[PDB]
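*Asks:* Sequence and experimental coordinates follow.
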Amino acid sequence: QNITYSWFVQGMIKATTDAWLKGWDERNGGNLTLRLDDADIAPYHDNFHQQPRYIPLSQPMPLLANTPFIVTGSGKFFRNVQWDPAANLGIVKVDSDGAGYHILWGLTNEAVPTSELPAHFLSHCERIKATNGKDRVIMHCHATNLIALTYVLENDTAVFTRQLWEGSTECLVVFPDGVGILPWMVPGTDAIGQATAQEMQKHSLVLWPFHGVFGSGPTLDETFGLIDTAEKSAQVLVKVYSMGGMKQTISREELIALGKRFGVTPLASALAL
Amino acid sequence: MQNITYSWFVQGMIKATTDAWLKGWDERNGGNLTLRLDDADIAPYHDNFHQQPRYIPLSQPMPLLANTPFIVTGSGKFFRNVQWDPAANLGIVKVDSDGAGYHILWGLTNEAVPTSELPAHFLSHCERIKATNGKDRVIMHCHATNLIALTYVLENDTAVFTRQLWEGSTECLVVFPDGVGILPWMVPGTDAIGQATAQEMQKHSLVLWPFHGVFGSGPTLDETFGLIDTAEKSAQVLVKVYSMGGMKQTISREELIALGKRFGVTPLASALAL
Amino acid sequence: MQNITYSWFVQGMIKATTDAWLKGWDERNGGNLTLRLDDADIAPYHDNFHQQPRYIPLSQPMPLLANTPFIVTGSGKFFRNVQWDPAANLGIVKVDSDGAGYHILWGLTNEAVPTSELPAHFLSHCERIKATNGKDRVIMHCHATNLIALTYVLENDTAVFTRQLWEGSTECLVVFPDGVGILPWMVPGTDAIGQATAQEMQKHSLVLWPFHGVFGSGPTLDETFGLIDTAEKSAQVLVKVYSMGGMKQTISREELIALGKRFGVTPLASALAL
Amino acid sequence: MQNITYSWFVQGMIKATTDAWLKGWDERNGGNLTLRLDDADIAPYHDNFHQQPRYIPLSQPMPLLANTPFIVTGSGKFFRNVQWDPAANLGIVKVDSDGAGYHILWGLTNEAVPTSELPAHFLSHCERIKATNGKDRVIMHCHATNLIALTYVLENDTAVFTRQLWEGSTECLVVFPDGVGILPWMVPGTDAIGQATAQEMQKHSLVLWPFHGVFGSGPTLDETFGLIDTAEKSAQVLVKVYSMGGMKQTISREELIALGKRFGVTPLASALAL
Amino acid sequence: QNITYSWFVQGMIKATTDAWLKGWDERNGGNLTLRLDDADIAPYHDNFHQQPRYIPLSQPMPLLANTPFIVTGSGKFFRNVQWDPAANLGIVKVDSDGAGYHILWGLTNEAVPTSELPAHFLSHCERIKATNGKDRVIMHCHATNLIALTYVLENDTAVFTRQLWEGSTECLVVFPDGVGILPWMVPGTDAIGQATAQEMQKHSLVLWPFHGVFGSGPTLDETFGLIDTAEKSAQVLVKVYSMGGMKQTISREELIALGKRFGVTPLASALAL
Amino acid sequence: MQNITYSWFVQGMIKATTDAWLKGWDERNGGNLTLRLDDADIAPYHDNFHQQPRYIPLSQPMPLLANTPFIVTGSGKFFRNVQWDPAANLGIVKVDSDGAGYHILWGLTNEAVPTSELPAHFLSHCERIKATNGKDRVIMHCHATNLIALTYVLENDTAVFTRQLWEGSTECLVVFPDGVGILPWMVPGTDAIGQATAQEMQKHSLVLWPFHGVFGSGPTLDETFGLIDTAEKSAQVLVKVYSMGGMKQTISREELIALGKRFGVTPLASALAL
Amino acid sequence: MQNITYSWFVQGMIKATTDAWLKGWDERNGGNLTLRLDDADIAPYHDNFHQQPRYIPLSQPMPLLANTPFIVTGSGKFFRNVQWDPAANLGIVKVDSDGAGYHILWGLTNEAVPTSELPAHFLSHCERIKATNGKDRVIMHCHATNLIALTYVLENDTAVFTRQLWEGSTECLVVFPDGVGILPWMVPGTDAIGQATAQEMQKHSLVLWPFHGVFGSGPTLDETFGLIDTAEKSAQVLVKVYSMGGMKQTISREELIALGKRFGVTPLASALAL
Ligand SMILES: [Zn+2]
Ligand SMILES: [Zn+2]
Ligand SMILES: [Zn+2]
Ligand SMILES: [Zn+2]
Ligand SMILES: [Zn+2]
Ligand SMILES: [Zn+2]
Ligand SMILES: [Zn+2]
């Protein structure tokens, strides 16, 4: 027994580690939280801290009551997770009345969860309701090209979504619900956590202008691939725009044709363009 | 008997897909790869085959591939995961006696099935077999980043595109004198794109799917990979060049022709005409 | 006793220099890194030390650093080889009682010496110790690709450059609110450049050397690395943005202020006027 | 005695070709590398050579090479595979007593041969031996992505190209003061290009092949590699800069001259006129 | 990438760790070696040491040429493997002519492979030939009861084997080839490595009087279970003998009946009893 | 919908098997466990069922269990591995409309099948159902160490054995007044032992297999586990006692009878007679 | 700075005491453990120390241990709780300049004190430092179950007991060739027992206290723990063997000699006569 080999800890190491390599998380940039089941961490009750530190939650979140999550630490470097999981990751369990959580394991050296926790938890609640409990991952990282594009594209859900679909055939099917865009906002605040969550209701992908992206999915790999796909399209777009813009592209009709062949319903406002 | 995951072809598949992921050509479940094998290759591993092989109707009869085994990437599988769990992302399939379908002999575990571009692959294999008299054995599809970008700026035309790519790196003309075919954008994973791609495979070993990716054929894994990598390298150069305002000079026609002669290769005419 | 190569500082030096290399910031013998340690750190490895530590006189006295040990990268050594042979590219040195020089206690084998820049480093370590009440312990120089590029494109003025870098990534303002100092181009390795850099270190933890690279200071290897990585990340974003025709929108002057407040950090005033 | 695979030179060849691969400079069979050894190096492994070393008549004799052994990359070999199988992609060859040919003492298995360029290499080694009093021992060719791109945008003229590259990174002037030679595009593999490259090697340690790649000479593997990496790093910076609208500022003429003086190196003068 | 999460390193941590808990490996007692394929360690060539230490092999073993193994270290405590794999485990590769091996990874702090390496490698060769390459694991541990029994039972392959089969119905089928017994022998010597190997030819389980047991199997879990089964029978026997011996037991006829039902051919000398 | 591995019964199975491994009652693939479920239990998880459920002929018709689902341990599976990979060591099976066989709805992945003691389990379930009017739902087999040892020293006789076990711990009489049945040694995994065990299940909820293990039935996982654990605890006491030379005193008949009356339970007569 | 609870010594103390508990060697407040550290070890945690370290006079002066720091288990503390709250059951103490006492620098909270046996410990640390030229740094006392049992059965004579323990596990002779000392039963906690134990420590690294427990010395926590664990393992084997009627065969007197030779270790002479 050594929780560090559990599926979820290994999963967190792989996600963060890959994100590092993709160059989406310099310094302490980015954060990741995964909703677990008591059953996942039950085998390790003796691997936890016997003196659980408690931390009041920024605001009541009863829907996540008695729920455990494994999270990245605040000020922690994705690049270091793999070398010292316990020091950069932590397993937390929200009390019986969503008022706060206890740090069951990790987040050693008086470390604490990521500063975007409010944003994460709020998005989780909304994604739970929207996906009937399916989605279990919330991921934030500074996808280089997605970031760049927010300085050139009109920050509008529909047009941005439309550009991203055109940037890679695959995109319309991976995220038919398009991607939401918020106006720039001071980070780590509850004000921004709610805005993000508000958007998670309609999209599984949210962009933070001049900052990064937020993604939700059922598993680590599905979420990672979600972002990687959007970011891949963005990387293509950046090149294309650098070469002077599109000569031709995927047509509206074609996108609709694509949506049909895969039994998926594309965001309407994006198809209008 | 050595487990089949230590076979040369399984390791080959892990290597190609993994290198492709590293190159950044296969995000999410993007890209797929299929390799035609012989009975002798998988014959030693009968003992690793599933005991109730799954059978899957084939899109259309392909008698030319009857009783032919292939190792293939799975549907919705991530190239990035092939190394960790081969059996879960790769599968060895065998086309029945009348090219009507195939059995999944090994892998593609947990209800997984072959790639959704299978029709396109098998179709292209048949042509590449007829076109290379059995020499070709690999069909590879991946989202080569620059090649993709270029399809939004260059005239989607075989000749033009082929020409630019030759200019983008001296060896391109020798690695792919047959030039590269370009199809109009097409809803993917269908037979429609399968047929079209195959039609093009008759004339070229390299085919581009606008706003999507590239398709490559070759005798071996490394050759096929190198084929794409060369086209994609040229594309990477071109992208930079176009971003800097375009070519000030380049390889001339006389030179491309001089290049073709020295390596005893016959360059696609329409491409040289430009 | 656990060999010194497993110490947290030798491992830290390998990780920093290696990551820097993987990032493309240290071609050939480009870049160097020095970390100030404490006796309690190397004391445990008296067994791995050189029986007869080579001593090298410091051109100019560094008494304020008397008795202080540092682990440093060597001269002409390739960051890419640090991991290959730590002792051969790294060395632990200890400044004597009156800062007249230092003894090479460990590593720096086969007659190797610290970076020819130990002076600029030591000079900066001083100003940084003063500026942070002993907090900063690392001085890092590397050829951050994009930061370098931007120096050919942006006004080499601490304020303007600083504001661009803050706009290029929300986090920047909070990680380096005192902005980044920019020196005019200068012949590398000269006392002139060591003095200029140190002058800037009194004010900024990040200094740029036009058409050359960046200089960073921090309390720990990861902090200093992350400092540079953040500035370089913002630079990478900016380079793309400028390549696409410039910013359509960005972080407002106001908003940066709102940001500085939210993280109770005070932003370099000039970068917020212009 | 220890297997030759763990030799300093075999390991060096793996690391150079592998790093080159990882840099994206050697797609397919692009690039090649040769290193001149001393008998003393290979001596310890006399028992690792083939009992009946295959001899191979050299195109034209080269008495200055007579008896000198080299470890070289193979023909049609993929740099990316050196890692997995050195013996199959590398070979140690020894030139006879009158430099009329050589014997493949080790490696180059499965009937593989040296790069179909040993002659361009060997010819250049000769000039470099005379130009450096026997110091340079390596000739490296690779498809440096950005250097290649720049040849489609800059005037393919030694002086101007050399000047752009010096401006692209402060240490360039110091690392290659003799500048870089630029040949007009030419059919690779011919002897004309072998000749032309060699004539350029007398003046420069760095030569560019428009729309193809670069050629480098140096004393050690890491040096030669760092030579190219530095030129290529400068090119990478330049490509970004040009993509953002050209230089606002840069290193001045006086400054380069100042830089040269300080490092006791004499900058190629034509590159300072213009 | 971090070899410590590979299947085999995790496997070595689990085997040693379980052995610890079973109480079969105090101090540095016990050792474990697993034969790998280049393909298993190929993904990690950059996780290895760039300055491979070499160690002449006690004697020529060409059959294991170019073969990599992950092994426990000499003087290492099974109980510590899980907490510091690299320091207690090492991946070694035997040269092209079975003369020695290079320490590719782990065995940090100038540590080296287990002192029973000769015994292991020799047994491996014999198990390779006897199982047509199947078996890949050689495990040595101080199984408490198996050890005790060697002070009370006649140290004879047949009688010992027969007692162990009677001690648990399951035994005859798990190890029909019975278990070999060597006379006591000075340990860590080549003299004892050959004797063990000589026995591995006929049995997959070998006992070292007043010392421990040696087991071979195709996988970590199959080998571990092999020993655990023998040791379980031994634990039953010890209790039974402590209560005065067997009143009744499994008959010869019954053992033969058992051998038939499972399509296995029981060691003849053991069935004679 | 919550994955089926988080269902109460799957977690229950992980808990029982894991606790059993810890208790040292299930080495190698020793032991097996089966739990009868209702349609409502697995009804919510239809979406986790395999899409081509495997069907397996049943040893003999068991109409009494028609359309009845069970979660079971796999054949040759190690209790110790259930926690790590439930689906690979556990399986949910459903007996078809005429008790002729079952479908593996979920789990028992990778060609795995139910335990080899299945016949015995189902047979015992049918009797325990008839004997407890549907109350019992669990059948558990494990190699309880002491119980096993005792079968080599005590007269293999229901009454005697039952008596000793009651004396071995006061609560035994109340936990299992029906006493424990003992079968003669029998080749395992057959129907022969399946039938015999079932015959005994009619009279007892606890059955011993000389030189092998124990079989237990109960309404729930915990109760069934506690049943065995109590018998095995008594056995553990007895073993110690016998090792110390036997009982000096013990619970008298009058006392056992007094015990039975207080807890309104009727003790197996033959056992009290002794 | 990384909190001191993560230091290698605090973690070591948790692991030792905890394993000891899991083994059943430390019921209630049974057992204690002390480890001699060096300044370089705790120096880094001056931040976690008590601002006003409690000082406690040592009954008798321990000048030879002046200025020496030790991490120790507390008085009345339960080994089972060490992990639960290190600071509450462990403490780091430092002996003053003239060994007149020590200051409790860290831990030992809520008015807790070192084990009432710090004296016996300190006394033994001295003799062991003398005996091993500063090598031994750990003194461990625990109630090893089987070792305790054997003291009621074997002759309490260093030689006889030592020989039994060597016979009980091949490794024993090499791990403790100087044998184990046996004292007559003695009231615990008395200076008499501290002096007797120390007397024995001069000769053996392992000492037994009839009807009580064992005392061990070693260079590291793992070495000392493994020392005891080995002796206790041999004891466990012996207990079983004696319970089955005694040895039928064993390691011959001769063979033990052959063993001592093979590991170039010299076995306690008396244990080999008898
Ligand atoms: Zn962020
Ligand atoms: Zn595709
Ligand atoms: Zn520099
Ligand atoms: Zn070339
Ligand atoms: Zn042993
Ligand atoms: Zn059984
Ligand atoms: Zn005590």
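*Replies:* Okay, I see it. Numbers count the residues shown, from 1 in each chain, chains lettered A, B, ... in the order given. Ligands and ions are numbered 1, 2, ... in the order given.
*Asks:* C-alpha only now, for contacts and for neighbours.
*Replies:* Fine.
*Asks:* residue ranges of the strands in the stretch 1-150 of chain A, please?
*Replies:* For the stretch 1-150 of chain A, applying DSSP state E, counting those that start in this stretch gives strands covering A:31-35, A:53-56, A:68-72, A:89-94, A:100-106, A:137-141.
*Asks:* Out of the ones you listed, which gets nearest to chain B?
*Replies:* strand A:137-141 (15.1 Å; C-alpha to the nearest C-alpha).
*Asks:* would you turn the strands of the stretch 1-150 of chain A into CSV with distance to residue D:129 and mean neighbour count?
*Replies:* Formatted as CSV, the strands of the stretch 1-150 of chain A follow (distance: least, C-alpha to C-alpha, whole Å; neighbours: other C-alpha atoms under 10 Å in any protein chain shown):
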stretch, distance to residue D:129, mean neighbour count
strand A:31-35, 55, 26
strand A:53-56, 70, 14
strand A:68-72, 57, 26
strand A:89-94, 57, 26
strand A:100-106, 60, 23
strand A:137-141, 52, 26
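*Asks:* Contacts only, for the residue nearest the centre of chain A.
*Replies:* For chain A, the residue whose C-alpha lies nearest the mean C-alpha position (C-alpha atoms, centre = their mean) is residue A:139; its distance is 2.0 Å. Applying C-alpha atoms under 8 Å, 6 or more residues apart in numbering or on different chains to residue A:139 gives the contacts A:30, A:31, A:32, A:33, A:214, A:215, A:216, A:223, A:224.
*Asks:* what's the distance between it and residue C:221?
*Replies:* Per C-alpha to C-alpha, to the nearest Å, residue A:139 is found 26 Å from residue C:221.
*Asks:* ok, now residue A:166?
*Replies:* Residue A:166 is 42 Å from residue C:221, by C-alpha to C-alpha.
*Asks:* moving C-terminal of the host helix or strand of residue A:234, what's the next helix or strand?
*Replies:* Using DSSP states H and E, residue A:234 sits within helix A:220-242. Once helix A:220-242 ends, the next helix or strand along the chain (criterion: DSSP H and E) is helix A:252-261.
*Asks:* and whatever helix or strand comes next after that following helix, what does it pack onto?
*Replies:* On the C-terminal side of helix A:252-261, the closest following helix or strand by DSSP H and E is helix A:268-272. Packing partners of helix A:268-272 (3 or more C-alpha pairs under 8 Å, 6 or more residues apart in numbering or on different chains; DSSP states H and E): helix A:157-166, helix A:252-261.
*Asks:* which parts of the last one are buried?
*Replies:* Which is helix A:252-261. A:255, A:256, A:258, A:259 (16 or more other C-alpha atoms under 10 Å in any protein chain shown).
*Asks:* I'd like to know how far the nearest residue to residue A:101 once chain neighbours are set aside sits from chain D.
*Replies:* Once flanking residues are discounted, residue A:101 sits nearest to residue A:94: 3.9 Å by C-alpha to C-alpha, 6 or more residues apart in numbering or on different chains. Per C-alpha to the nearest C-alpha, to the nearest Å, residue A:94 is found 45 Å from chain D.
*Asks:* picking up where we left off before, near chain C, anything from the helix holding residue A:234?
*Replies:* Yes - counting by C-alpha under 8 Å from any C-alpha of the partner chain, chain C has neighbours in helix A:220-242: A:238, A:241, A:242.
*Asks:* could those residues go into CSV alongside neighbour count?
*Replies:* Shown next, in CSV, are the residues of helix A:220-242 next to chain C (neighbours: other C-alpha atoms under 10 Å in any protein chain shown):
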residue, neighbour count
A:238, 24
A:241, 21
A:242, 24
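*Asks:* what's the closest of those to chain D?
*Replies:* residue A:242 (7.7 Å).
*Asks:* picking that back up, can you pick out the most distant pair from the buried residues of helix A:252-261?
*Replies:* Within the buried residues of helix A:252-261, A:255 and A:259 form the most distant pair, 6.1 Å apart (C-alpha to C-alpha).
*Asks:* Show me the beta-bridge partners of the closest residue to residue A:204 other than its chain neighbours.
*Replies:* Excluding the flanking residues, the one nearest residue A:204 by C-alpha to C-alpha, 6+ apart is residue A:216, at 5.1 Å. With DSSP bridges as the criterion, residue A:216 is bridged to residue A:138.
*Asks:* And for residue A:216, the neighbour number?
*Replies:* Residue A:216 sits with 28 neighbouring residues when counted by other C-alpha atoms under 10 Å in any protein chain shown.
*Asks:* With residue A:153 instead?
*Replies:* 14.
*Asks:* Need the phi and psi values for it.
*Replies:* Torsion angles at residue A:153 (phi, psi; degrees, to the nearest 10) stand at phi -90, psi 150.
*Asks:* Could you find the closest non-adjacent residue to it?
*Replies:* residue A:160 (6.7 Å).
*Asks:* what's the answer for residue A:59, then?
*Replies:* residue A:99 (6.7 Å).
*Asks:* tell me the contacts of that neighbour?
*Replies:* By C-alpha under 8 Å, 6+ apart, the neighbours of residue A:99 are A:56, A:57, A:59, A:60, A:61, A:62.
*Asks:* so which of these are also by ligand 7?
*Replies:* By C-alpha under 5 Å from the ion, no member of these lies near ligand 7.
*Asks:* buried set for stretch A:261-268?
*Replies:* A:264, A:266, A:267.
*Asks:* Relative to chain E, which of those is nearest.
*Replies:* residue A:264 (35.5 Å).
*Asks:* quick one: that closest one and residue A:175 touch, right?
*Replies:* No - here residue A:264 does not reach residue A:175: they are 9.3 Å apart, not a contact under C-alpha atoms under 8 Å.
*Asks:* what's the first-to-last distance across stretch A:167-175?
*Replies:* 13 Å.
*Asks:* Wondering if it reaches chain C at all.
*Replies:* No - on the criterion C-alpha under 8 Å from any C-alpha, stretch A:167-175 is out of touch with chain C, staying 15.4 Å away.
*Asks:* Could you pick out the residues of chain A near chain D for me?
*Replies:* residue A:242.
*Asks:* Please name the nearest non-neighbouring residue to the residue of chain A found nearest ligand 7.
*Replies:* In chain A, the residue that lies nearest ligand 7 is residue A:50 (26.8 Å; C-alpha to the ion). In this structure, residue A:50 finds its nearest non-sequential neighbour in residue G:84, 5.7 Å apart by C-alpha to C-alpha, 6+ apart.
*Asks:* any idea how far ligand 3 is from the one you found?
*Replies:* As judged by C-alpha to the ion, to the nearest Å, residue G:84 and ligand 3 stand 51 Å apart.
*Asks:* Surely residue A:231 is in contact with residue A:145?
*Replies:* Yes - taking contacts as C-alpha under 8 Å, residue A:231 lies within contact range of residue A:145: 6.2 Å.
*Asks:* residue in chain A nearest to chain F?
*Replies:* Closest point on chain A to chain F, by C-alpha to the nearest C-alpha, is residue A:39, at 6.4 Å.
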